[PDB]
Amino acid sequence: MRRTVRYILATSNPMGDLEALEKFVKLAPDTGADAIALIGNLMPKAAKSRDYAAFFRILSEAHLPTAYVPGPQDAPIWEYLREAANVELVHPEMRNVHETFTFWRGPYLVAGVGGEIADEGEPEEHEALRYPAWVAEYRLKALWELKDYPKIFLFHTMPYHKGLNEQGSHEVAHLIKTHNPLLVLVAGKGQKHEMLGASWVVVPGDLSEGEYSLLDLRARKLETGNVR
């Protein structure tokens, strides 16, 4: 019944605003979105399992291929992982892609690495989600086994880039330059979008500010909007 994914409704850092999320999900149908991509933080650090449960219940109404990645504050990891697992059981079109992958009709190989991707230091998943660069790279190296697929990466950490963020991660930029994904979604306020090498890097907007975007994969065109 579903067709190739061209339009992708997306946003980031909802930080627990379930009302805005409901509106976001509510818009989906009339925009013609083929799928949804959401970047954390889904919740503030203090949230607990039941909060994610509600968060995912709301998101499940979309009934569209949906992919997400957690944010630096979505800790401990297992609460997000458990509620993600629970909703995905009967809503298989939904998919947490943190450290893993999935295929969208196209075909498109979707994969991601959420949380804070730090230059170095030790990994953390309880007081926060922090991953040193070598860990992020190890997660994506699995993709080299899959052949001839255009990629879509979801990250929270922004790649270094002069016309997007010169404070961004060189390590994330390295990940993008290595895999050459067709699209890279990252967390950020103010819908923006630049080309980084052959990769279209989009900051869909921050939903905790009511922002979101609808991307045209084929034309690499970006249509923005707000929920307020």
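Residue indices: 1-based, along the sequence shown.
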| item | value |
| --- | --- |
| Of 6-14 and 215-223, the stretch whose C-alpha atoms average the higher B-factor in the entry | 215-223 |
| Given 154-162 and 141-149, the range whose Cα B-factors average higher in the PDB entry | 154-162 |
| Residue with highest C-alpha B-factor in the PDB entry, from 120, 93, 116, 99 | 120 |
| CA B-factor ranking of residue 57, expressed as a third of its chain | middle |
| Position of residue 190 among the chain's modelled residues by C-alpha B-factor, lowest, middle or highest third | highest |
| Relative C-alpha B-factor of residue 167, binned into the chain's lowest, middle or highest third | highest |
| Ranked against its chain, the third holding the CA B-factor of residue 70 | middle |
| Third of chain Cα B-factors occupied by residue 181 | lowest |
